[PDB]
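Consider the single chain below, provided in structure tokens and representing the form deposited in one PDB entry.
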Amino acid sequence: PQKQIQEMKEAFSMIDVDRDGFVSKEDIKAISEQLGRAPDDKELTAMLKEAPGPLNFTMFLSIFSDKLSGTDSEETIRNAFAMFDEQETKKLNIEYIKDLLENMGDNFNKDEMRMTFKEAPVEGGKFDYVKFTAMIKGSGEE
């Protein structure tokens, strides 16, 4: 939490499309409508309860620290994956990690699976957990 908290302020510049140092229950949908698809108004009211302080830039930060909470580092993850690669190839086989995620631990379901590998980096059978790791941590791109 350092330099991009100022960037959350830069990403406060488009929050504030109409400039009021705030964003009404529709200010948000206005910015959304101006570029892609449009969120529900009941997707505007049913969420009225996530703001321990209405909403500005210093509340956009703090109403998100409920989701970015419970994460592990980039080296911590790229080591958990390293626990299944004794030969230090920086690569798990595809059928292996899949079996690993689907049939052991907290078994992924048909969907979470379908969704995790949809954009997973796999070349000639090998799954790159290093590169994959970055994707998952904002060091790469989703």
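Shifts are known only where both forms have a C-alpha. Quick note: we count residues from 1 along the sequence shown, nothing fancier. Take the two forms, find the largest set of C-alpha atoms that superpose within 1.5 Å, and that set is the rigid core.
Beyond what is shown, the protein has a form deposited in another entry; the following relates to that form.
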property: Entry of 31, 113, 80, 100 that shows, once the rigid core is matched between this form and the one not shown, a C-alpha shift of 2 Å or more; result: 31
property: Residue 18 C-alpha moves between this form and the one not shown by 2 Å or more, core aligned; result: yes
property: Is_shifted residue 45 between this form and the one not shown (CA, 2 Å cut-off, rigid core); result: yes
property: After fitting the core, residue 9 CA displacement of 2 Å or more between this form and the one not shown; result: yes
property: Structural rearrangement between this form and the one not shown, runs of 3 or more with C-alpha shift of 2 angstroms or more, core superposed; result: 1-31, 39-63, 138-140
